[PDB]
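This report concerns only the one structure given below.
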Amino acid sequence: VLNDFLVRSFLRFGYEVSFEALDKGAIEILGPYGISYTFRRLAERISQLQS
Amino acid sequence: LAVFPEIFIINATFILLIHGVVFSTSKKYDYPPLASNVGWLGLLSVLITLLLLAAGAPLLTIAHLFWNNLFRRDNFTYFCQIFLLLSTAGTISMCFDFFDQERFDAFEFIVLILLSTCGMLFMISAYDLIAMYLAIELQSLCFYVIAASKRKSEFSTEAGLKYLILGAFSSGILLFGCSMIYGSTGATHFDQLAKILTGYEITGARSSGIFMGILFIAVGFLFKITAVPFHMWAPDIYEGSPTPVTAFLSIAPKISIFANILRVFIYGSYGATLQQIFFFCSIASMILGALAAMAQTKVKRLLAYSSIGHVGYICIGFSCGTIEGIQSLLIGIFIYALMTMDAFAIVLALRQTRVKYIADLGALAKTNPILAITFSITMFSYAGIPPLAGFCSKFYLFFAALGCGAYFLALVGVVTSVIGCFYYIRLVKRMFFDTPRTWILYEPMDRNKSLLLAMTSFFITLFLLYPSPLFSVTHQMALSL
Amino acid sequence: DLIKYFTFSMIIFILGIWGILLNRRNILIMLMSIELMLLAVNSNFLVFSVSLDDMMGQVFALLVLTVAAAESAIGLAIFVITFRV
Amino acid sequence: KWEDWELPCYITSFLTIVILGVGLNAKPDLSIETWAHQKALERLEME
Amino acid sequence: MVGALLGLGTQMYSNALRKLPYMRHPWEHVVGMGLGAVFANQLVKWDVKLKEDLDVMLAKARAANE
Amino acid sequence: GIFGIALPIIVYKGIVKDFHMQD
Amino acid sequence: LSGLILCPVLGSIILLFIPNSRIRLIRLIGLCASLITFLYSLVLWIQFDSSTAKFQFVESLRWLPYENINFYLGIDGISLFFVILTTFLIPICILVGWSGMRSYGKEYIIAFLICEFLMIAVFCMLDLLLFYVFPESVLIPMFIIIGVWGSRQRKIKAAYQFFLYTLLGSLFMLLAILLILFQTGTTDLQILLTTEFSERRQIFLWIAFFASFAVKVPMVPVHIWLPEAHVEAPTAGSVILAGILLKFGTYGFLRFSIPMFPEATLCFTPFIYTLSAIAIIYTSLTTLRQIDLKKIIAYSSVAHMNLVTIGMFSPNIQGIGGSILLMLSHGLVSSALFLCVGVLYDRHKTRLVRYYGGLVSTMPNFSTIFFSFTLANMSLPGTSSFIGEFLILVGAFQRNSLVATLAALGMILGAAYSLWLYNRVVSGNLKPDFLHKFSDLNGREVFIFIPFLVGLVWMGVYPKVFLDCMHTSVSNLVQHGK
Amino acid sequence: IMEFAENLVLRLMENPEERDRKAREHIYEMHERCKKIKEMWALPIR
């Protein structure tokens, strides 16, 4: 039973903090995603100045 | 009668122009700077007009001589004109510091603001393509002049020059629209153009002349109000020109051109065929406002993009022709104007800085903390924070967009307004809770800005506690159209 | 024949807006094209007033004349001020 | 507990505590259970 | 009315923005705002009257149920 | 494991649904 | 209610004309204004009749003429004692601030920005548009309370992406509120009750309200704002946050979810079931990971609040009674624990948690009271929180008891870590480096503790006076959900 | 008791017309549902 609790606490830390990092990393990535799309389109828009 | 608001502000401008020119060119008075003396009498020629205009409320429609020829006043023109004179009153009041402290002996900047206000009074009541164009260009010409006024710093000169180019080209587009519409209809009077354009249905009925005409008029207007796809210089226009002339050509032409749009696009031509371009303009304007405001530094250019975005948030009230939509648009102009007069009154309170960005705007939580409170109130109001007035504007606009079935327009509005709320909350936090950043100290603001900032700050916070007068006013204006 | 005297004005206006778009660098050509497109709409008003046999066109064309002229006055004066001393 | 030595002015709060104490039941009754033991008691009379 | 309190604030808020202390005779000119509040409420009444008039005009219009 | 609980939670939901199907 | 309604606004505004560097007067009079608005809340309680579907003391003032979206103010059932708890707690914040100088923390500013009874407004506001304005509106007062006098742990901020989502969720609810407002002109909550929506749209509108709510409610996917908002919050900012700002989401669900969209609620019962369940499981296990005391109490609060959710679902009169009474007991218990941890901070001036040691020597009465409230945050049967949570539990009344079996873990781990943390805080003669500065509690300190313990025990031994005054309203809500 | 608890409760009484309040509210909003559908119809007015 205590071997069970140790292995299960380790697995629990793993699962929960893994999905926590998953959430946070999705946020971090999906920011500059829109940033860079917007900047590419704006770059076309500012190359309109001297096309 | 019926032109007593115009007859006066034209006679008063002449009395001021002659009085100012005689004295400034006077050896006896040691060539005094007549600014703040032709002013003061300027802004009183506004208040006496606002008193001549508000009093004769039934008298404005006193003749027919004007009706089917020149211009038609009604309850909408009356209420929107009491607002333009009131918003011109604020704009002259905030400049009093700019006349004394900043070395301006050029009084005729005042008389040009007064002539522009007469041009706008004739825009609001403009009821014929010819009158609409002539008043539009009177006000735009006064504003080209007073935006290219500062001749020492080259930064204001090129800004005024591109403002003249953008405005003359916008007026050319608007005028080609007037030409196509007139040429394809043989009638310029909005009372005549209305009878023709009932059941026009461009997308269903082949009428290319009238279509291209309405499109060019809408494009010229969306240039004048500096909407998104045609702003094209508006940030540099607001940044380069001096601060009070920016406060003028940034709030008063919006009011006037928007009233003019309500005239031509809700009475002269009523269809769901033209408001599609305004729907697209609203979408991209809220988008550009949000994003560019997230991107800018210079407080003048930040207010430029914020005004572009808020002009977007206005046009969603026009993107549906229902009475609720027009009333939402009018609510949005009053809460955008009073808030912009406030933001520009604040930017004018900080004369000490040069062209400086939000970082130099910092430390206001420490130096003059009540002014920082007011600035946070105004910026929140733009964002639309619930307990303020800008929230009421954006919320009634979104509710009109929902009641008009434009659910996607409301969606893009809410996402852009939440982006703006985040950006302005972050700005207020960065200004208050951190970022000391070099502590530039300010000379105190004068009573004129003080009362306007104070009364407007009171209006923004204590608005939801009494929105009945403004809502009644704007619904009456919408019914009158 | 009205189309000949209008589409020609229409493409004069298109030339004006085209020169506006291209010449964002040089401003004197910008003002040239401004008065160009304020002619192509002015000549447009005159043509449409002769065609429709209506006088509002010519009244509006005269007022656009004496408004685009003041606009050119202020434009060139702003341009001369822009080239400071 | 020094009424004359009101060094932070706790007298307001203590009087509030006393008024809460006199915040009696008021015997409002007027409840769904009070009304139950009358209407459903009539229902019991139906037996 | 509430306009009196609001004016004293507008004047005091003004003093707080110019850095000046909260003192002078303009706090007695806030009675002018009390006059302003009474007029604004009076204008609310007059305005809802005119809006009801325009609304019955609209009800008469719009096909009048036909 | 976290997604496991996320899906087994709606599985308990489905157990409630099976109880609803019991009558 | 007509006159006795606006006590805090009148007090605040008429004090704004008293800058008064000598603090004594502003403290005294702000506290008196707060205490009398609380007295009028309590006499409004006494004024209650537990027998009507109508709302007890209805008042209004025209706000916009057409469709009359006006300040409709009802206090039936739940709102009755929600505003009571609000008032009950606001003098607590005014009283935790008898600090002598209180200079940088300019006393009148915190007085004026705690003495804003927009919480009273929202709990009485009974037309969900203006009702919408207020919880979103109280964020401006909350933000200034949270950091202006709040402890600075970081460059004061909230997760920016999470904050943007939190406010986006709030405005998403706004679109739903408008869709219902123009759906049938229905201005207020009585007529939004009467009306009937399209089942296809009821679910969309329900989840659209739920966005903002389940941000205000601390559900598992979005609840992180509580710990970060509290560890930086001031002693009296947390007392208000836990006290009321969490009750906002659950009361929002209670009024504008269950009797509004009965079919949508029926359809989404398992959704909220699993959401709140896994949220309680997470926030029970988390205080393992968290060593920060404020985060600990905030996560216990998340647990209790998702219990409030796992109970509000029900047409069980006992179910929603346990929901609202867990809300009352939570606004008592978590705020009492925040009072505790604030005293424990200040008396120690340290923001590490391993440093609170030898408490039975420094402040043993604080040990007694800290237990008297940590038994409650784990809901010792006998406390108010027990009555609340067990009516939450029996909320599986017409049910089949599968979510009570997840509340199993949610509450067993909660009680476990409650005891672990009360030990960890008071454990051992762990001599700290405080230089024999004992910091025994103040008479005013035990005073501000008095009312929470009193409400707690008076509920836990006699919940009648609160379940009564409520049953008529909740049962009406339920039959509309029938 | 305490000499006035009897009349201490008559600080509210039933007065059940607040339901006609919502009855006529509903008339209000039934009309108001015609707020946004209405627009320009008159070409015979001035």
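Protein chains in written order, with the entry's author numbering: chain a, 568 to 618; chain I, 17 to 497; chain K, 2 to 86; chain g, 58 to 104; chain i, 7 to 72; chain l, 38 to 60; chain M, 12 to 493; chain m, 4 to 49.
Using N, Cα and C, we set each Cβ at its ideal position, and we do this for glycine too.
So is residue i buried or exposed if we call it buried at 16+ other beta carbons inside 10 Å?
| i | result |
| --- | --- |
| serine 585 of chain a | exposed |
| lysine 475 of chain M | exposed |
| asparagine 18 of chain m | exposed |
| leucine 55 of chain M | buried |
| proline 232 of chain M | exposed |
| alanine 69 of chain i | exposed |
| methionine 110 of chain I | buried |
| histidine 31 of chain i | exposed |
| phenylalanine 30 of chain I | exposed |
| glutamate 340 of chain I | buried |
| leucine 154 of chain I | buried |
| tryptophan 52 of chain i | exposed |
| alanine 288 of chain I | exposed |
| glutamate 22 of chain I | buried |
| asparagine 81 of chain M | buried |
Enumerate in chain order the residues of its own chain whose CB-to-CB distance from residue i is below 7 angstroms, with the five nearest sequence positions on each side excluded.
| i | result |
| --- | --- |
| residue 494 of chain M | For chain M, the structure presents residues 12 to 493; residue 494 of chain M sits outside this window and is missing. |
| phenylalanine 145 of chain M | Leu129, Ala132, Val133 and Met136 |
| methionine 338 of chain M | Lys258, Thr261 and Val319 |
| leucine 380 of chain I | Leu387, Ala388, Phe391 and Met447 |
Do residue i and residue j have their CB atoms nearer than 8 angstroms?
| i | j | result |
| --- | --- | --- |
| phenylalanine 28 of chain M | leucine 14 of chain i | yes |
| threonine 77 of chain I | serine 141 of chain I | no |
| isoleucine 75 of chain K | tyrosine 160 of chain I | yes |
| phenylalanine 99 of chain M | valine 250 of chain M | no |
| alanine 10 of chain i | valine 37 of chain i | yes |
| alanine 300 of chain I | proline 245 of chain I | yes |
| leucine 150 of chain M | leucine 190 of chain M | no |
| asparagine 317 of chain M | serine 287 of chain M | yes |
| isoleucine 146 of chain I | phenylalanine 61 of chain K | yes |
| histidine 359 of chain M | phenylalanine 445 of chain M | yes |
| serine 10 of chain K | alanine 41 of chain K | yes |
What residues are listed by DSSP as bridge partners for residue i?
| i | result |
| --- | --- |
| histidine 205 of chain I | I:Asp144 |
| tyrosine 373 of chain I | I:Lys314 |
| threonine 394 of chain M | M:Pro392 |
| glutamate 70 of chain M | M:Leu84 |
| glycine 55 of chain I | I:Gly58 |
| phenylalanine 87 of chain I | I:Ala142 |
| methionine 136 of chain M | M:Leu84 |
Less than 6 angstroms between C-beta atoms, sequence neighbours within five positions excluded: which residues of the same chain meet that for residue i?
| i | result |
| --- | --- |
| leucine 3 of chain K | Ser52 |
| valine 235 of chain I | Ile189 |
Cutting at 8 angstroms between CB atoms, please list the residues of its own chain near residue i, excluding the five before and the five after it.
| i | result |
| --- | --- |
| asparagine 376 of chain M | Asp451, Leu452 and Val457 |
| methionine 33 of chain K | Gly20 |
| residue 494 of chain M | The question about residue 494 of chain M has no answer here: the residues shown for chain M are numbered 12 through 493. |
| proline 269 of chain I | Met136, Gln155, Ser156, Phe159, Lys240 and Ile241 |
- Message: At a CB distance below 7 angstroms, what residues from the stretch 327–344 of chain I approach chain K? Give them in sequence order.
- Response: none
- Listed in chain order, which residues of the stretch 15–27 of chain M have Cβ atoms closer than 9 angstroms to some Cβ of chain i? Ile24, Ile25 and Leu27
- Task: Using a Cβ-Cβ cut-off of less than 7 angstroms, list which residues of the stretch 436–467 of chain I approach chain M; keep chain order.
- Result: Here the close residues are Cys437, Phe438, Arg442, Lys445, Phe449 and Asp450.
- For the stretch 72–88 of chain g, which residues have a beta carbon sitting closer than 8 angstroms to at least one beta carbon of chain m? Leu81, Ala83, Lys84 and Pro85
- the stretch 93–115 of chain M: which residues have C-beta closer than 9 angstroms to a C-beta of chain I, in chain order? none
- Query: Looking at chain m, which residues of the stretch 418–438 of chain I have a Cβ within less than 7 angstroms of any of its Cβ atoms?
  - Reply: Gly419 and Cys420
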